[PDB]
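If you want the building blocks of each chain, they are given just below.
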Amino acid sequence: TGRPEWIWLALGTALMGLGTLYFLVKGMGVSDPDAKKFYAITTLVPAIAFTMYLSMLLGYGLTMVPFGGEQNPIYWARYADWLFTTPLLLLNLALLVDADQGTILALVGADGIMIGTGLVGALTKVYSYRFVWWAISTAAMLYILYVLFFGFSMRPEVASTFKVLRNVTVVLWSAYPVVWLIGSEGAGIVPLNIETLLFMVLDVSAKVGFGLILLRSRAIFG
Ligand SMILES: CC(C)CCCCCCCCCCCCC(C)CCCCCCCC(C)C
Ligand SMILES: CC(C)CCCCCCCCCCCCC(C)CCCCCCCC(C)C
Ligand SMILES: *C/C=C(C)/C=C/C=C(C)/C=C/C1=C(C)CCCC1(C)C
């Protein structure tokens, strides 16, 4: 289409759809209750992202936000996606290490704050305050990363996959605040189409690459 980032939204739609169908097919037959949860979470995540990617691709998940005296294209549909998929991703981690309920509530809650303040920052029309919201959201993110590293005798398989995915998590999730800051939601240093490319590469890796690593490990089986 006529938005140059369409190709990345189309590619992301395709890859999230394909990942969803792959994991769907893959978890066919699975009968281990514990495995079941990881497959459910793991399939649901790019399923949701598939729909929100599609929503962006078709223009529904896009709005215009006036700031800097300009009419700025903001893909709000990403926060609808992340609002659900990032806690689910954190749930995969939390389940893996058998986290306490209170740690799960702290993560999910921190995560909703992260995304909702990100969303608020995304939609805020006073340019400076956009970054106040960025900052609070980043602080929730840093809280989450804190908890993933310092907040948790588990099976060596679980520990191993958990350390890998945790690593994967810290490196990819940390990139999102940077992209937002330098891209069109923030300082407008990086153009929207490049930003969408970046978020697509992060999202696919954070969702599909992450679940391919998780769904590969025997850590998911009781
Ligand atoms: C009781 C304790 C822990 C601290 C009180 C001492 C006073 C110092 C200020 C707070 C410092 C503690 C956190 C250290 C790490 C940081 C990254 C602090 C960043 C400071 C800047 C803005 C964030 C808000 C703050 C007012 C803490
Ligand atoms: C059979 C397997 C392993 C995967 C098929 C599921 C579908 C999803 C798409 C491929 C995902 C797997 C790799 C995860 C990591 C990444 C960094 C993917 C980046 C995607 C974007 C462009 C690169 C080309 C791709 C089409 C894989
Ligand atoms: C499914 C995709 C994932 C894992 C997306 C993760 C997104 C984040 C970690 C977002 C973080 C942000 C902040 C820390 C700063 C403000 C803006 C955000 C929402 C991009």
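Each chain carries its own residue count, running from 1 in the order of its written sequence; this scheme can depart from the entry numbering, and residues that have no coordinates do not appear. The lettering of chains begins at A and the numbering of ligands begins at 1, in the order of writing. In this entry, the chains presented are a subset of a larger assembly, and the associated values cover only that subset. The side-chain values count all of the structure's non-hydrogen atoms but skip hydrogen atoms and water molecules.

- Determination of this PDB entry was carried out by X-ray crystallography to a resolution of 1.80 Å, according to the record.

- In the annotation of the PDB entry, the protein is listed under the name PROTEIN (BACTERIORHODOPSIN) and assigned to Halobacterium salinarum.
- The heading Subcellular location in the UniProt record of the protein holds the text "Cell membrane".
- UniProt positions are given in the numbering used here, feature names are shortened, and annotations may be inferred rather than shown by experiment. Reading the Sequence similarities entry of the UniProt record for the protein gives the comment "Belongs to the archaeal/bacterial/fungal opsin family."

With respect to the site of ligand 3
Link 1 in the chain: In this text, near means that some heavy atom of the residue lies within 4 Å of the molecule or strand in question. Taken together, 17 residues sit near ligand 3, with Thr-85, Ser-137, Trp-173, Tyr-176 and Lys-207 positioned nearest.
Link 2 in the chain: Accessibility throughout is a Shrake-Rupley quantity obtained with a 1.4 Å probe, and a residue counts as covered only by protein chains that appear here. With the chains in place, 100% of the 530 Å² that ligand 3 exposes on its own is no longer accessible.
Link 3 in the chain: The numbering of helices and of strands both runs from the N terminus, where a helix is a DSSP run of H or I of at least 4 residues and a strand a run of E of at least 2. Among the elements of the structure, α3 (77-96), α4 (101-123), α5 (127-150), α6 (156-182) and α7 (192-216) are those that each provide at least two residues to the shell around ligand 3.
Link 4 in the chain: Across the shell around ligand 3, the residue classes break down as 10 nonpolar, 5 polar and 2 charged. Amino acids are sorted into nonpolar (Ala, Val, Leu, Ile, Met, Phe, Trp, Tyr, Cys and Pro), charged (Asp, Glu, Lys and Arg) and polar (every other residue, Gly among them).

Thoughts on the side chain of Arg-130
Link 1 in the chain: Turning to its location among the elements, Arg-130 is positioned in helix α5.
Link 2 in the chain: The contact criterion used is simple: two residues touch if any of their non-hydrogen atoms lie within 4.5 Å. Excluding residues within four positions of it along the chain, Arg-130 makes contact with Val-65, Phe-67, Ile-74, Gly-121, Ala-122, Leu-123, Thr-124, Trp-180 and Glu-185.

As for the pattern of salt bridges
Link 1 in the chain: Throughout this description, the term salt bridge denotes a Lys or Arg side-chain nitrogen within 4 Å of a carboxyl oxygen of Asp or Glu. Counting across every chain of the model gives 4 salt bridges.
Link 2 in the chain: A salt bridge links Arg-78 to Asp-203; the shortest N-O distance between them is 3.9 Å.
Link 3 in the chain: Residue burial is assigned from relative accessible area. The probe radius is 1.4 Å, only protein chains are included, and a residue is buried under 20% of its type maximum, exposed over 50%, and partly exposed in between. Judged by relative accessible area, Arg-78 falls into the buried class, the value being 2%.
Link 4 in the chain: Between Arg-155 and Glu-157 there is a salt bridge, and its shortest N-O distance comes to 2.5 Å.
Link 5 in the chain: The exposure class of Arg-155 is partly exposed, given its relative accessible area of 29%.
Link 6 in the chain: Residues participating in the shared-partner salt-bridge network are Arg-78, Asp-81, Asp-203 and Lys-207.

Things to note about the environment of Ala-159
Link 1 in the chain: Looking at the element boundaries, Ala-159 is found in helix α6.
Link 2 in the chain: Taking the relative accessible area as the measure of exposure, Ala-159 reaches 15% and is therefore buried.
Link 3 in the chain: Note: C-alpha distance between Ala-159 and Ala-206 (47 residues apart in sequence) is 19 Å.

Things to note about α5
Link 1 in the chain: Over its 24 residues, α5 extends 35 Å from the first C-alpha to the last, a length consistent with the 34 Å expected when each residue adds 1.5 Å.
Link 2 in the chain: For α5, the set of buried residues is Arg-130, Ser-137, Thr-138, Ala-140, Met-141, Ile-144, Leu-145, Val-147 and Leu-148.
Link 3 in the chain: The inward-facing, buried residues of α5 contact β1 (62-67), β2 (70-75), α3, α4 and α6. For a helix, the expected span equals 1.5 Å multiplied by the number of residues minus one.

Some remarks on the nonpolar core
Link 1 in the chain: As used here, the term nonpolar core means buried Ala, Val, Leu, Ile, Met, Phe, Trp, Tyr and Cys residues forming a set that is joined through side-chain atoms within 4.5 Å. Counting residues in hydrophobic clusters, the biggest one holds 64 residues, and the most contacted among them are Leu-93 and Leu-96.
Link 2 in the chain: Considering every element that reaches this core, the biggest residue donor is helix α2 (residues 33-58), with 11 residues.
Link 3 in the chain: Not counting residues up to four positions away in its chain, the partners in contact with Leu-93 are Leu-148, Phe-162, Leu-165, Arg-166, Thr-169 and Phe-210.

Re a nonpolar patch on the surface
Link 1 in the chain: Like-charged residues are merged into a patch within 9 Å and nonpolar side chains (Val, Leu, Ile, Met, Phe, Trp, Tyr) within 5 Å, provided each residue has over 30% relative accessible area and no salt bridge. A surface patch of nonpolar side chains, about 440 Å² in accessible area, is lined by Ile-113, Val-126, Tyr-129, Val-132 and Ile-136.
Link 2 in the chain: With respect to the secondary-structure elements, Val-126 resides in the loop between α4 and α5.

Notes on the packing of α2 against α3
Link 1 in the chain: Every axis corresponds to a line fitted to the C-alpha atoms, with the helix fit spanning only the stretch in contact, and the corresponding angles, defined between N-to-C directions, vary from 0 to 180 degrees. With their axes 9 Å apart at the nearest point, α2 and α3 run at an angle of 165 degrees to one another. By the angle class used here, α2 and α3 are roughly antiparallel. Every pair of crossing elements has a handedness; the one defined by α2 and α3 is left-handed. Contact with α2, carried on its side by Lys-37, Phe-38, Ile-41, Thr-42, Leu-44, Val-45, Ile-48, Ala-49, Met-52, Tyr-53, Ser-55 and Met-56, involves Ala-77, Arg-78, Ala-80, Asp-81, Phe-84, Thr-85, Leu-88, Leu-89, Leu-91, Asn-92, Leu-95 and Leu-96 of α3 and no other residues of that element.
Link 2 in the chain: When the residues that make up the contact of α2 with α3 are grouped by side-chain class, the tally is 17 nonpolar, 4 polar and 3 charged. Here the angle decides the label: under 35 degrees means roughly parallel, over 145 means roughly antiparallel, 65 to 115 means roughly perpendicular, and every other value means oblique. Crossing handedness follows the turn of the near helix against the far one: under a right angle anticlockwise gives a left-handed crossing, and clockwise gives a right-handed one.

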